[PDB]
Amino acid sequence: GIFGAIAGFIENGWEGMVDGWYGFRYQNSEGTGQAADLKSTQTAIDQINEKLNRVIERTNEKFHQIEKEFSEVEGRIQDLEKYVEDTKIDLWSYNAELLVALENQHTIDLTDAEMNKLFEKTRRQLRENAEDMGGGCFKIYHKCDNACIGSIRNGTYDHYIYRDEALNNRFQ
């Protein structure tokens, strides 16, 4: 998309991730793992779920209308009744075409942004304890167990306590 996250700096998606839309993959002393992220996922689902309700009216009732089918030739009165219906259908056909194209465009942009927002959120937490490897990956430069990984995912990672350990690993 425009942010260049999905199908951009991130190479591909994960088929294995079934419990959420966005998530993590990590590796440390205690092995590897995969954990979803609920905050980014929920924010994306609320924007997409029943998104047409925000523009289209709750389908209402229409009763007796004009005649739209004729078995004879009448002329001026009939041509107008046919012309009114043709003019109407062509306009709704265009509105339907334009709406879907915009909402689909909106879906691709909002999902691509939620990917980018989760990345930039994590980068700010890590400060100078980690580097961006490319491919949407981070190289953390200190001892980081599953308890330490967990603090990043819920948002309580204090970089200050690791900083001195990381800066020595990064430049020496």
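Residue numbers run from 1 along the displayed sequence.
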Check your understanding: On average, are the C-alpha B-factors higher in 29-37 or in 104-112?
Key -> 29-37
Exercise for review: Determine, for stretches 55-63 and 129-137, which one has the higher mean CA B-factor as deposited.
Suggested key: 55-63
**Study point:** residue 45, C-alpha B-factor rank within chain (lowest, middle or highest third)
**Key:** middle
Study note, to complete from the structure: Of the three thirds of the chain ranked by Cα temperature factor, residue 160 occupies the highest
Review point. Lowest, middle or highest third: where is residue 13 by C-alpha B factor in its chain?
Key: middle
